[PDB]
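Trainee: Chains as they are written, first to last, in PDB author numbering: chain F, 19 to 90, 103 to 472; chain F', 19 to 90, 103 to 472; chain F'', 19 to 90, 103 to 472. A prime marks a further copy of an entry chain.
For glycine and all other residues, C-beta sits at the position ideal for the given N, C-alpha and C.
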Amino acid sequence: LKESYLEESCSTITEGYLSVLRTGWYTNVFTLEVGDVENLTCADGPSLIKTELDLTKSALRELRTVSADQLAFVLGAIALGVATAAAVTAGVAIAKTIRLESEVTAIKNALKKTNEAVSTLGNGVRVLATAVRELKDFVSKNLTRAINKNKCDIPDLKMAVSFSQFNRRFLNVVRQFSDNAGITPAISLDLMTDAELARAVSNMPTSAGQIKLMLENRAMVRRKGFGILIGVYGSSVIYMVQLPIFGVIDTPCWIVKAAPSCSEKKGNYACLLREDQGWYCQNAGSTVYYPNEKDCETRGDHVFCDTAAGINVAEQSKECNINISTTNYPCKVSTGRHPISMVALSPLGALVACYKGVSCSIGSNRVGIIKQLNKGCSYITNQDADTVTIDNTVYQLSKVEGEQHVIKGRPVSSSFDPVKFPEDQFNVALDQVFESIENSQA
Amino acid sequence: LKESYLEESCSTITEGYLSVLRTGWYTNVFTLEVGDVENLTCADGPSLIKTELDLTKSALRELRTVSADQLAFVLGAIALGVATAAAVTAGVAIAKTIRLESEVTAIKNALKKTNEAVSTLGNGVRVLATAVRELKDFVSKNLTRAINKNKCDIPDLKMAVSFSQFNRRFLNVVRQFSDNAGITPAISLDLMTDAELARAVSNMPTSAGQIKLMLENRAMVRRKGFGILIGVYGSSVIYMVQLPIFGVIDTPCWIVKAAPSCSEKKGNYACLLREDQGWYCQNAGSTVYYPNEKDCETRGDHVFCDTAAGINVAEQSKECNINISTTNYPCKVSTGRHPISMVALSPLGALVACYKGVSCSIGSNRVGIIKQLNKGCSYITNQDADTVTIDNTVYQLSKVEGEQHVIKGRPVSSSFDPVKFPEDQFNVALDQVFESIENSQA
Amino acid sequence: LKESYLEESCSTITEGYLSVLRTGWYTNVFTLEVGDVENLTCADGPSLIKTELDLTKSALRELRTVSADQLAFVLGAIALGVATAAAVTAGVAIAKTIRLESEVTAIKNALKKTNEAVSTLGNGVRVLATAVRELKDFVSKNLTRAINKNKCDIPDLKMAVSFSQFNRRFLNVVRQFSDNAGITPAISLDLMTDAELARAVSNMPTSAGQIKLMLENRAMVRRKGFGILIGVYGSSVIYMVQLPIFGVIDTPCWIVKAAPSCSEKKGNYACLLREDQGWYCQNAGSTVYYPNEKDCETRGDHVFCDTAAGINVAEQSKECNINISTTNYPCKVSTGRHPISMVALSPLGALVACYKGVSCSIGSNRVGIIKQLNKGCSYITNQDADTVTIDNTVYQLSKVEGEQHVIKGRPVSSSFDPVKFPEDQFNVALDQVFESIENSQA
Ligand SMILES: *[C@@H]1O[C@H](CO)[C@@H](O[C@@H]2O[C@H](CO)[C@@H](O[C@@H]3O[C@H](CO)[C@@H](O)[C@H](O[C@H]4O[C@H](CO)[C@@H](O)[C@H](O)[C@@H]4O)[C@@H]3O)[C@H](O)[C@H]2NC(C)=O)[C@H](O)[C@H]1NC(C)=O
Ligand SMILES: *[C@@H]1O[C@H](CO)[C@@H](O[C@@H]2O[C@H](CO)[C@@H](O[C@@H]3O[C@H](CO)[C@@H](O)[C@H](O[C@H]4O[C@H](CO)[C@@H](O)[C@H](O)[C@@H]4O)[C@@H]3O)[C@H](O)[C@H]2NC(C)=O)[C@H](O)[C@H]1NC(C)=O
Ligand SMILES: *[C@@H]1O[C@H](CO)[C@@H](O[C@@H]2O[C@H](CO)[C@@H](O[C@@H]3O[C@H](CO)[C@@H](O)[C@H](O[C@H]4O[C@H](CO)[C@@H](O)[C@H](O)[C@@H]4O)[C@@H]3O)[C@H](O)[C@H]2NC(C)=O)[C@H](O)[C@H]1NC(C)=O
Ligand SMILES: *[C@@H]1O[C@H](CO)[C@@H](O[C@@H]2O[C@H](CO)[C@@H](O)[C@H](O)[C@H]2NC(C)=O)[C@H](O)[C@H]1NC(C)=O
Ligand SMILES: *[C@@H]1O[C@H](CO)[C@@H](O[C@@H]2O[C@H](CO)[C@@H](O)[C@H](O)[C@H]2NC(C)=O)[C@H](O)[C@H]1NC(C)=O
Ligand SMILES: *[C@@H]1O[C@H](CO)[C@@H](O[C@@H]2O[C@H](CO)[C@@H](O)[C@H](O)[C@H]2NC(C)=O)[C@H](O)[C@H]1NC(C)=O
Ligand SMILES: *[C@@H]1O[C@H](CO)[C@@H](O)[C@H](O)[C@H]1NC(C)=O
Ligand SMILES: *[C@@H]1O[C@H](CO)[C@@H](O)[C@H](O)[C@H]1NC(C)=O
Ligand SMILES: *[C@@H]1O[C@H](CO)[C@@H](O)[C@H](O)[C@H]1NC(C)=O
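1) Nearest to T223 of chain F'' by CA position, among F'':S29, F'':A238, F'':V203, is which residue?
2) Tell me, please, which residues DSSP counts as bridged to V418 of chain F'.
3) Can you pull out the residues from the segment 172-201 of chain F'' whose beta carbon lies closer than 7 Å to at least one beta carbon of chain F'?
4) Throw me the rounded Cβ distance for the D454 of chain F and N342 of chain F'' pair, which I believe falls under 8 Å.
5) Which residue comes first and which comes last in the alpha helix (DSSP H) that contains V118 of chain F?
6) Strictly under 9 Å for the Cβ-Cβ distance: is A288 of chain F near chain F' by that measure?
7) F456 of chain F touches chain F'' at which residues, Cβ-Cβ below 7 Å?
8) DSSP state of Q413 of chain F, grouped into three classes?
9) Report the residue from F'':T365, F'':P360, F'':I275 whose alpha carbon sits nearest the alpha carbon of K242 of chain F''.
10) With 9 Å set as the bound, which would you pick, yes or no: does the beta-carbon of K429 of chain F'' sit closer than that to a beta-carbon of chain F'?
11) Under 7 Å Cβ to Cβ from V449 of chain F', same chain only, skipping five residues before and after it: list those, please.
12) Tell me which residues of the segment 412-429 of chain F have at least one Cβ-Cβ distance to chain F'' shorter than 8 Å, keeping chain order.
13) Given a cut-off of 9 Å, decide if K348 of chain F' and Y310 of chain F' are closer than it, judged by their beta-carbon atoms.
14) Looking at chain F', is there any beta carbon in it that lies within less than 9 Å of the beta carbon of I260 of chain F?
15) Answer yes or no: do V363 of chain F' and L303 of chain F' have a C-beta to C-beta separation smaller than 9 Å?
16) So, does the segment 453-472 of chain F' touch the segment 74-86 of chain F'', judging by three or more C-beta pairs under 8 Å?
17) When DSSP builds the beta bridges, which residues end up paired with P282 of chain F''?
18) Would you say the beta carbon of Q272 of chain F' is closer than 8 Å to some non-hydrogen atom of ligand 1?
19) Shorter than 9 Å from the beta carbon of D209 of chain F to some beta carbon of chain F'?
20) With 7 Å as the C-beta to C-beta threshold (strictly closer), list the residues of the segment 329-340 of chain F'' near chain F' in chain order.
21) I'd like to know whether the C-beta of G366 of chain F' is nearer than 9 Å to at least one C-beta of chain F.
22) What residues from chain F'' crowd round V388 of chain F, counting only those whose CB sits closer than 8 Å?
23) Name the chain F' residues whose beta carbon is nearer than 8 Å to that of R252 of chain F''?
24) At the level of alpha carbons, what is the spacing between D325 of chain F' and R40 of chain F'?
25) Helix, strand or coil for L187 of chain F' per DSSP?
26) Please work out which residues of its chain come closer than 8 Å, Cβ to Cβ, to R229 of chain F'', disregarding the five sequence neighbours upstream and downstream, and give them in chain order.
27) Could you name the residues of the same chain whose beta carbon sits closer than 7 Å to that of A61 of chain F'', not counting the 5 residues immediately before and after it, in chain order?
28) Residue 499 of chain F and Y35 of chain F: beta carbons closer than 9 Å?
29) For ligand 9, list every residue whose C-beta falls under 6 Å from any of its heavy atoms, going in chain order.
30) Please compile the residues from chain F' whose C-beta is within a distance smaller than 7 Å of the C-beta of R205 of chain F.
31) Would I260 of chain F pass as a contact of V47 of chain F if the rule is Cβ separation under 9 Å?
32) Return the CA-CA distance between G398 of chain F'' and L50 of chain F', expressed in angstroms with no decimal places.
33) Taking the straight line between their C-alpha atoms, what separation do you get for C350 of chain F'' and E26 of chain F''?
34) Mark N353 of chain F'' as exposed unless 16 or more other C-beta atoms lie within 10 angstroms of its C-beta, in which case mark it buried.
35) Are the C-beta atoms of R79 of chain F and some chain F' residue less than 9 Å apart?
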């Protein structure tokens, strides 16, 4: 990793990250076979088996009041919530195909002689179909034989404990779908075991290196996917799991951090703040800007981003890290007439905007307070310090390793006359700030 | 459903939705009876029963370090987080009444001879009271008799397994309240079973059709409610569940989507974006605008909205979908001098803002890439395509069925001279953009 | 608590709150000993013990595809998400030290003869180390002896049920880390029991009163901390729990609420809205402003705030509650030319902005609709009413007790000529609104 402190704008850019981009969704349809449990009855009073049977029938009946479909410029603000909404739209759209009675029987037909099969739906979409039959097999082969004419308080406690082991997964699947109205927020271990997740990732329509990274880091696949209830069909619970396809890996990414750049003359301030902070990743000849926090996530040098969360930006947008004052690109900034003191942590350090009214210092976990910082924008290396403080507020630096570089330059905010600085601006092109000053003076 | 593409503003409006509005809260107070478990002791070493007894006493003691109260213009930004905060304020306010010692004894008195009773609190609020006594009954009638003088390693394993079945609900109730500091985020199956949820909804102060919809879709009632711990009173755990009352159903709702409308002349751009996107629902003679995402949620043609999340808007606000340029209503927009290419998915299609610098196409799940899109704002029907792409970013269209209509009109952005277009604006009335151009030229 | 209604700005300030500020993180490292389970085999077919053994080995193997690090001006917008990101950076930074093989052996060495030990890491940071050995002890001392040559279908069901009791905690630890990709969102009862949480809080580097408050309210410590997986080392699962250190308590805090202040003349409106809403707390000679919702949380008179979420503001910023029009502090506001009717709930009442187009009233839970409100900004006491409504939207008031006071003053919005009121402003200093009017007229 290589981090550049951009002195002219009180910002950093950290390069050397490797992309892991979610480019598609792989659909794994499940049929969890429960078995013939309605036709089982316990009439000999309270029992361990009766308790497990009553839980199982109550969970199966509860599943029918759950339904996932039919009833039973500020760049960051433009992209906010898009990927999350896009994920639900995609999942609900294919669930509409799967929910058809004919599509379900076709799924069950593909699973008659095996526990896994690749299937194509009526809309031409290819999915993986998986059967889960232990509970049905236990009910048919073992439990029903032991309840000869409705006597469940049998001396075999192994049978009662076996029942509670075999129905645990089905009960959790019902809990997770009933609590979330049919759309789970993630892929639990009851929707998809480790073996099933490894089997589904291996079947994804992408290349070997992508599948190897997803297999070796499948807890992240778990975290980025979700499950949708399709419905109950006979004694089978049918749901689908949307698995993220990380189809592009190891392309260049970089992150931009920024803090308020304030310059003062005669007690008055001119301040600006870069509004292009966040992650950038390249793919197939274009650069995508991911302006919102929840949309990208690092694991070491790799950054996991949802492509549906980004905005395609021009290549020239990188000149905001180069010649922000003179560039022809409309570099986005906000402005203020009064300073904000704060800390913007970087991958390899911290940006410290320390202005009049606060005290700032850097600290060591072994040695304590190292030094007080001077007023202005300061760049602290995580080799220089372990913590940075604004007054008493502690900011713990990362310990990520990499080379830091200072790209010298007079802060653009220093060129402003505070007496002529415009009204506070929010997410405006920087040349519109200059245009405001130049027009108001003419 | 009927979707109109508004060519003059690069936006859509989809009508035909049916409201499900949360209008009130129904309070269900629970007394979970644990029984006399403190006066039980296991002195014969490690045991299955001892393990279950130690879990139960540890969970009961842990519940006393949990407390829910006392210690032991940009329309979207104005409404953000209001409903969530309002829900907690309402729940904490009535929990203040219920937490009184006199109010608790009155609740316990109403439940002496039955497991459910309608009760009125000292503040005149009517609640449902529910008793849960299995664990107390098992402890009193069964477990205590088997521990004759502190010997728990008894040959009866049925007793140990029965204990672990009977205490499971109480342990989960303690887990859910301890992890969330007394205020659960939703209504779990341990706070309220399917039968208890069906009983509470049936007792709600609303009409039959509302109760029928809530009963048949009670997983959504689960998802929109939450639970508050009241405290431990003797051997009884007392909590309350706030259940959403969907008191208004099947009134007209509609959703507005929008994408940047950009017009270019001689390499310069004038762009605007509608800032009135989101859900609108009518009720009792007024129109409520729900500007934030998490506040409404669809299930087919029905949309579930929290009324505390909306802003009452004038009826005339709908003319932004009709005569946005000439209307007297202050239609909210943002502006830019440079284009943003993006996709805004609609219920029945997609708005594609495709401008210089990116490539856009529409695809089919059977046939592949259908066609490249021309530069400008395009409306794609979900009958025309299955996916829309900006460069490599895929947006999956919905498969919702309904009639699409194009309402022709010259884009308002085409009327602007880019050389005279104002500084970037955020959530301003559209006539203030024209006023800025007209004033700056005078 | 003492609440002041500020008539000149349609806002309230509520004083008398006591701070509970998260000032640091205490790290509790765990080694959960699983035991020699790989070298156990069941070859006699299906068994209860085999099922528990297969779950345990599958959970142990699944834990190796989980990794938390390396792969296997608008004040509110500036501070949004800072504390959450800072918490993860701090936790990942110390996990980098703990993940070293030498650091792990040192932790295991400190725990050889005891279940708890204070240890200092190579980076000079002091942590608490905790061992959890029941599952290993059960596997070594009890389970392995019962499987004499791979026969697990033994007549001892006590052994099978004991196994399922002893492995429950380890299975849940694996579930919570696998679902969240190694970084749990909170501290569950399986990461840290009540006794371990009480032991860790008692060891925190803070004063007695802070530890007593944290001990007596440790469910909030649970809610504000989280856990990070370090890895699997032999048969030991190693994770760390970041516990919030509430190192400052009972210093003054106050909250500011606001609603649109609109004045109309001849059918035209001039409106402003205070944009300094939120929590303020004092500490060590400075005032910190917490502009975002999720960053502070009340429990009675105490408010729990994360210090990493705030912005250090000048003491003079409080004059926005005193002389907002004449003060030299740049009091932040937004503006509009058209009114927004809404309700801003206060700790001891409600601000009601009731303008043309809507109807507003206050209600009682015993008596019903009390009275219709007049147009303008109204302050309702929670002693006056139980609910406030805008049209049909109900806002339930709190029942918090305290003294209310009206600080009389002509609304600043009344001083504006609507015909000369500027374009809509977002988060601008109030004197810049006056400057816009005065400059545009010159
Ligand atoms: C802000 O900074 C960016 C990045 O530094 C800068 O963009 C760069 O501009 C230079 C201007 O020369 C580009 O270099 C040119 O590239 C073209 C081909 O595309 C060449 O034909 C040019 O060659 C001429 O000049 C050479 C000497 O400089 C001669 O050797 C040659 O014979 C030609 O006369 C020249 O190399 C460069 O490609 C871009 N870089 C990128 C990545 O865009 C931008 O101009 C700056 N903006 C400002 C300050 O206005
Ligand atoms: C933007 O579009 C909206 C919606 O299209 C539009 O609002 C509409 O304005 C028309 C103007 O006529 C309204 O229709 C009038 O309604 C009143 C009663 O409220 C009638 O008295 C009027 O009748 C007169 O004109 C009729 C012929 O048009 C004659 O037959 C009659 O004898 C009268 O002379 C007339 O019907 C209409 O009600 C509204 N619609 C709504 C829902 O508000 C608005 O004016 C447009 N704004 C612009 C472009 O400035
Ligand atoms: C907006 O309101 C705030 C708060 O009310 C206000 O700040 C206050 O200003 C007064 C102005 O007098 C300050 O009081 C002064 O404090 C200094 C010491 O710091 C004293 O030297 C001054 O004493 C002189 O005046 C006294 C009589 O008023 C005489 O008795 C004495 O002999 C001196 O002549 C005086 O007490 C006060 O400290 C501040 N308060 C705070 C907390 O800042 C602000 O000025 C207002 N802004 C406006 C309306 O412009
Ligand atoms: C359910 O019943 C089947 C059939 O009796 C059991 O499977 C048999 O197990 C014995 C060993 O006890 C083997 O010798 C047989 O070959 C098995 N037969 C078949 C068809 O698999 C099974 O163990 C029972 N399940 C439980 C949990 O007890
Ligand atoms: C707890 O003890 C009660 C009382 O002995 C049990 O209830 C009895 O069950 C028998 C059948 O075994 C019936 O014939 C009696 O009529 C029941 N009596 C009453 C008063 O209900 C109960 O089954 C025991 N519970 C458990 C879980 O074993
Ligand atoms: C695991 O085995 C140990 C050793 O046999 C058991 O501990 C003994 O328990 C008996 C009572 O049954 C005591 O009299 C002994 O003093 C204990 N010995 C030791 C060394 O602790 C232990 O109970 C077994 N665990 C389980 C769950 O059965
Ligand atoms: C219960 O028995 C009836 C009659 O034999 C049968 O038609 C029905 O399918 C059975 N139920 C299940 C779930 O198999
Ligand atoms: C335990 O026994 C004492 C004395 O008999 C009694 O007062 C107390 O209420 C009992 N505890 C419970 C929880 O019933
Ligand atoms: C299993 O047995 C081998 C050989 O005795 C030993 O080296 C290994 O450490 C054992 N596994 C565990 C987890 O102890």
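Mentor: Once the coordinates are examined:
1) On the third sequence, position 193 is the one that residue 223 of chain F'' refers to. Checking every option, the nearest Cα to that of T223 of chain F'' belongs to F'':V203.
2) By one-based count along the second sequence, residue 418 of chain F' stands at place 388. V418 of chain F' is bridged to F':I392, F':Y425.
3) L187, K188, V191, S192, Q195
4) Locating residue 454 of chain F in the first sequence gives position 424, counting from the first residue. Locating residue 342 of chain F'' in the third sequence gives position 312, counting from the first residue. Actually they do not touch by this definition, with Cβ atoms about 19 Å apart.
5) Here residue 118 of chain F is taken as the residue at index 88 of the first sequence, counted from 1. Taken as a continuous stretch (DSSP letters only), the alpha helix (DSSP H) holding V118 of chain F covers 112-128.
6) The residue labelled residue 288 of chain F in the question sits at position 258 within the first sequence. It does not: the Cβ of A288 of chain F has no partner Cβ on chain F' nearer than 9 Å.
7) Along the first sequence, one-based indexing puts residue 456 of chain F at 426. Those within 7 Å of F456 of chain F in chain F'' are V104, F456, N457.
8) Position 383 of the first sequence holds residue 413 of chain F. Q413 of chain F falls in the coil class under three-state DSSP.
9) Counting from 1 along the third sequence, the entry for residue 242 of chain F'' is found at position 212. Of F'':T365, F'':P360, F'':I275, the residue nearest in Cα terms is F'':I275.
10) As a working note, residue 429 of chain F'' is residue 399 in the third sequence. True, the Cβ-Cβ gap to chain F' drops below 9 Å.
11) Locating residue 449 of chain F' in the second sequence gives position 419, where the first residue counts as 1. The residues are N298.
12) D416, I420, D421, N422, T423, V424, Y425, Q426, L427, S428, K429
13) Position 280 of the second sequence, counted from the first residue, corresponds to residue 310 of chain F'. Position 318 of the second sequence, counted from the first residue, corresponds to residue 348 of chain F'. Result yes, Cβ atoms of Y310 of chain F' and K348 of chain F' sit closer than 9 Å.
14) Residue 260 of chain F sits at position 230 when you count from the first residue of the first sequence. No - not a single Cβ of chain F' is within 9 Å of the one on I260 of chain F.
15) Position 333 of the second sequence, counted from the first residue, corresponds to residue 363 of chain F'. Position 273 of the second sequence, counted from the first residue, corresponds to residue 303 of chain F'. Cβ distance < 9 Å, so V363 of chain F' and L303 of chain F' count as in contact.
16) no
17) Stepping through the third sequence from its first residue, residue 282 of chain F'' is reached at position 252. Paired residue(s): F'':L36.
18) As a position in the second sequence, residue 272 of chain F' is number 242, starting the count at 1. No, since every heavy atom of ligand 1 falls outside the 8 Å radius drawn around the Cβ of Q272 of chain F'.
19) Here the question's residue 209 of chain F lines up with position 179 in the first sequence. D209 of chain F counts as touching chain F'.
20) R329, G330, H332
21) What you label residue 366 of chain F' is simply residue 336 of the second sequence in a count that begins at 1. Answer yes: the Cβ-Cβ gap between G366 of chain F' and chain F drops below 9 Å somewhere.
22) Looking up residue 388 of chain F in the first sequence gives position 358. The answer, in chain order, is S316, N342.
23) By 1-based counting over the third sequence, the position of residue 252 of chain F'' is 222. Under the 8 Å cutoff, chain F' gives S208, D209, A211.
24) The sequence position of residue 325 of chain F' within the second sequence is 295, counting from 1. The sequence position of residue 40 of chain F' within the second sequence is 22, counting from 1. If you take the alpha carbons of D325 of chain F' and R40 of chain F', they lie about 11 Å apart.
25) As a working note, residue 187 of chain F' is residue 157 in the second sequence. Helix at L187 of chain F'.
26) Position 199 of the third sequence, counting from 1, holds the residue named residue 229 of chain F''. So the list reads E146, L158, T160, once near-sequence residues are dropped.
27) Position 43 of the third sequence, counted from the first residue, corresponds to residue 61 of chain F''. Hits under 7 Å: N180.
28) No answer is possible for residue 499 of chain F: the residues shown for chain F start at 19 and end at 472.
29) F'':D54, F'':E56, F'':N57, F'':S265
30) Here the question's residue 205 of chain F lines up with position 175 in the first sequence. Correct list: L219.
31) What you label residue 260 of chain F is simply residue 230 of the first sequence in a count that begins at 1. What you label residue 47 of chain F is simply residue 29 of the first sequence in a count that begins at 1. In this structure, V47 of chain F lies closer than 9 Å to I260 of chain F by Cβ.
32) Here residue 398 of chain F'' refers to the residue found at position 368 when the third sequence is read from its first residue. Here residue 50 of chain F' refers to the residue found at position 32 when the second sequence is read from its first residue. Distance between the alpha carbons of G398 of chain F'' and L50 of chain F' is about 33 Å.
33) The residue given as residue 350 of chain F'' occupies position 320 in the third sequence. The residue given as residue 26 of chain F'' occupies position 8 in the third sequence. Each residue's Cα considered, the two are about 10 Å apart.
34) The sequence position of residue 353 of chain F'' within the third sequence is 323, counting from 1. By the 10 Å Cβ count, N353 of chain F'' comes out exposed.
35) Here residue 79 of chain F refers to the residue found at position 61 of the first sequence. Yes, its Cβ sits closer than 9 Å to a Cβ of chain F'.
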